[PDB]
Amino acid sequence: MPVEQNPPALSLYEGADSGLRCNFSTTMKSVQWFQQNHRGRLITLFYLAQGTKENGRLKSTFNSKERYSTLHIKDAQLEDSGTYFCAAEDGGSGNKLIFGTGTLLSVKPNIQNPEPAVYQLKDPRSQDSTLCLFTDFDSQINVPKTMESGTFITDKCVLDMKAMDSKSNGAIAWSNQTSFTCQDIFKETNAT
């Protein structure tokens, strides 16, 4: 194993800091830190040959001799989500680029006035179409999982309106099952 990314994925809240380790097996000439956004595009953050660099809320270091490289992020934001990659240059076996196994960064919103609600929405262009949106709830709480067939549930996607601290969570679910209410499957929840 040439390169080693740690952790494999991590959680966080606003403002809070964290670091990412990258241990190598031999001496690598230059390292390079990336981050794949939600779109799927790779954006270079750092190119290091030695020592350390810093860019705004980000800072990284590199030690060829001690075979490792870190990435410390201070004051986590939302836009800071997405996976992160360090690539390292080989020099020994060609000078390949060796990428790590990514580290999914999840930056939770830190809700202050949680109003866990659930609503039924309807498709004006299809009578029997009914859908259930579970909104405003808090970061901490884990969203129920679907186990039955015909009934499906999404993971907790998070949004933000430009107005004021308008960060809100929320999941979604639907079914081709008889007709079974919005607490009939969400149950492990609150207000309705």
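For every residue, the number given is its place in the sequence shown, counted from 1.
- Look at the C-alpha B-factors of 49 to 57 and of 138 to 146. On average they run higher in 138 to 146.
- As listed in the deposited structure, the average C-alpha B-factor of 151 to 159 and of 27 to 35 is greater for 151 to 159.
- Of the candidates 92, 102, 109, 114, the PDB record gives 92 the highest C-alpha temperature factor.
- Sorting 181, 168, 176, 18 by the CA temperature factor given in the entry leaves 176 at the top.
- Per-chain ranking of the deposited C-alpha B factor places residue 122 in the middle third.
- In this PDB entry, the Cα temperature factor of residue 3 sits in the bottom third of its chain's modelled residues, the lowest group.
- Ranked by Cα temperature factor within the chain, residue 172 sits in the lowest third according to the deposited record.
- Residue 164 sits in the highest third of its chain by CA B factor, as recorded in the PDB entry.
- Ranked against the other modelled residues of its chain, the C-alpha B-factor of residue 9 as given in the entry falls in the middle third.
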